[PDB]
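Encoded as structure tokens, the structure appears first; notes follow it.
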Amino acid sequence: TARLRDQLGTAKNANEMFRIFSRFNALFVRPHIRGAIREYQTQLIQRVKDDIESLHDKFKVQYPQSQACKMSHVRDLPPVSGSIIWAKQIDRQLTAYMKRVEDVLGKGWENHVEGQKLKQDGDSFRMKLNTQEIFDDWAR
Amino acid sequence: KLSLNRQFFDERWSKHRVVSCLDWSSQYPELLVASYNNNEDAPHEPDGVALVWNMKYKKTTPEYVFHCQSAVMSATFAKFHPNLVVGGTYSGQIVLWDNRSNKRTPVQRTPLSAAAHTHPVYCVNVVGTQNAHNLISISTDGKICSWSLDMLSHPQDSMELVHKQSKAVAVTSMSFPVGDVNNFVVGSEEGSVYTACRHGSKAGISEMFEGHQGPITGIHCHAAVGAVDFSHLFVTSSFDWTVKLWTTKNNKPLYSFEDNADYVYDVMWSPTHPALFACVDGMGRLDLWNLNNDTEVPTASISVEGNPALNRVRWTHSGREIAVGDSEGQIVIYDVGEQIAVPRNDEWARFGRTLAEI
């Protein structure tokens, strides 16, 4: 626990302490260690909520309206496959942030007080990110 | 003497409802949370209510309002989570309320499964230190569950309390020693207090106390800590018109008070004075007993206007004020005088001599 205080004694930006929780992830399975870290989990959960809000805002902008479509056409990627790639990248980032939340809160994050809303939003947003309709329409 | 300091009562929420539990916050000693069960005259209103009042302002409004579908018999503040209020309801759902959120409805509620409480819950309290705390909750079926405040979907630790012949202990109240987290005491409707262990090989009920001849309404351990350690002593109040001062060491009663002529409804120690304690009964009387001065008569006594049944009492952390709630949701606060509440340097030895003499 003294070393986990030296974490903030050394860490400066949020990415470094995210990586520190990633490296030390198993060590928080212990109950005393898990109870030691309480005030930093809220900070990183709020930062992940900010980031998934940014993802939501990016996804609000339609794909043709976004620079992704233009730069995909410029780089010879066809527009339907470009939209598919865009949706897949957003899905990948959503999964990465979900894994970040799991690492920060530890296992059993779906039932956490803050992780319930995150899990619900991730599930709904992943359902909305389903791309099979685009492929079906293009093939038809 | 006791001087009336303040009166709290809401026409919309607290009317025609009893007061089930009171609690003062450690971080906010001027914030008092009070529970209210369902109102028969208001079937359309929510059943359980929890109102948080304030003393630093003289405004009569409740500072915070919470409600939930099941009648709330217990409410308290989380010791190390100042924005949270934990309540125990009729169906056993251990509801939690965040004052930051605009929603009055509970943010979380435990399931009504066998792994959780499917019975009324009159005992919910947070125990531990800031780096390790747990929410202990006991139902009237004897099931005791230790939860984590950050996750109420399933209990961290949980089992059913039995003492002998696998007989269910229908706990009605509980208490913990000051600084202790593994041992605790429970008072059941059997009339028998049980000193029990939370976790370990001997986890469960350790000892049995015969004592009272009726259901226990309340039990409280010694809160004042100082020169002479009195943590082993506790007090109990039941429907048999008797208050009873006991200790863990002696299985038999140490002393009994029967000056009351009605159902004594709860009894609370003082957190500063080692000897002084108080009780409130069903004929409107709040009685302060100072064992150093007199183990024979109440040291002070007051009665609320109209004399309704006082259902619950609570001491402030400074010990200078006492709150009491009754059957119509009328909360009354009495300031206690300096010459009774404040313990001199020799009051601890006075209580030691009083205990030795008895």
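Bear in mind that the values in this text are calculations on the coordinates, not laboratory data. In this analysis, Cβ positions are derived from the backbone assuming ideal geometry, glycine residues included, and neighbour counts consider all displayed protein chains.
Numbers below:
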{"quantity": "Residue with peak Gaussian network fluctuation, chain B [Cα springs, cutoff 10 Å], from B:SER270, B:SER173, B:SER101", "calculated": "B:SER101"}
{"quantity": "Alpha-carbon centroid distance for the pair the range A:8-65 / the range B:286-350, whole angstrom", "calculated": "50 Å"}
{"quantity": "Summed side-chain charge close to B:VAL280 - residues other than B:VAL280 whose Cβ falls under 11 Å, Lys, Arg +1, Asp, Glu -1", "calculated": "-2"}
{"quantity": "Burial ordering of A:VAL104, B:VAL228, fewest other beta-carbon atoms within 10 Å first", "calculated": "B:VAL228, A:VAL104"}
{"quantity": "Among B:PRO43, B:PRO274, B:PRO253: highest mean-square fluctuation, GNM of chain B, C-alpha pairs under 10 Å", "calculated": "B:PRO43"}
{"quantity": "Chain B: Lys pairs at Cα distance under 19 angstrom, eight or more positions apart or on different chains", "calculated": "9"}
{"quantity": "Principal semi-axes in Å for the range B:18-104 [√(5λ), Cα gyration tensor, largest first]", "calculated": "21, 15, 11"}
{"quantity": "Between the range B:115-163 and the range B:21-79, the alpha-carbon center distance in angstrom", "calculated": "21 Å"}
{"quantity": "Net charge of Cβ neighbours under 15 Å - reference A:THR10; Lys, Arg +1; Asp, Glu -1", "calculated": "+3"}
{"quantity": "Cα gyration tensor, the range B:29-70 - rounded (a/c under 1.5), prolate or oblate", "calculated": "prolate"}
{"quantity": "Efficiency of FRET between B:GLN339 and B:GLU296 - r from beta-carbon atoms, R0 22 angstrom, step 0.05", "calculated": "0.70"}
{"quantity": "Cα-centred dipole magnitude for chain B, charges only on beta-carbon of K, R (+1) and D, E (-1), debye, nearest 20", "calculated": "880 debye"}
{"quantity": "Most mobile listed residue (B:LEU31, B:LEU276, B:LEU286) in chain B, GNM with C-alpha springs under 10 Å", "calculated": "B:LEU31"}
{"quantity": "Percent breakdown of C-alpha pair distances by 5 Å bin, ordered from the shortest bin, for the range A:4-63", "calculated": "4, 14, 22, 23, 14, 9, 7, 4, 3, 0"}
{"quantity": "Approximate shape of the range B:230-321 as ellipsoid semi-axes (Cα gyration tensor, √5λ), whole Å, largest first", "calculated": "21, 16, 12"}
{"quantity": "Candidate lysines - alpha carbon under 29 Å from A:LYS12, same-chain residues fewer than 8 apart omitted", "calculated": "A:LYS49, A:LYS58, A:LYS99, A:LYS107, A:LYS117, A:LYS119"}
{"quantity": "Two-decimal Rg/Rh across the range B:119-231, once Rg and the Kirkwood Rh are taken from alpha-carbon atoms", "calculated": "0.96"}
{"quantity": "Pairwise label distance in nanometres, A:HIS56 with A:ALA2, each label 7 Å out on the Cα-Cβ vector", "calculated": "4.4 nm"}
{"quantity": "Paired Rg and Dmax values of the protein assembly as shown, which use every Cα atom, in angstrom", "calculated": "27.5, 98"}
{"quantity": "13 Å cut-off, amide nitrogen to a point 7 angstrom out along B:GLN7 Cα→Cβ, residues in the range B:314-352", "calculated": "B:330-334"}
{"quantity": "Quarter of the Cα convex hull surface for chain B, i.e. its orientation-mean projected area (nm²)", "calculated": "17.3 nm²"}
{"quantity": "Separation between Cα centres of the range B:215-281 and the range B:165-186, rounded to whole Å", "calculated": "15 Å"}
{"quantity": "Rg/Rh (Cα only; Kirkwood hydrodynamic radius) as it applies to chain A", "calculated": "1.09"}
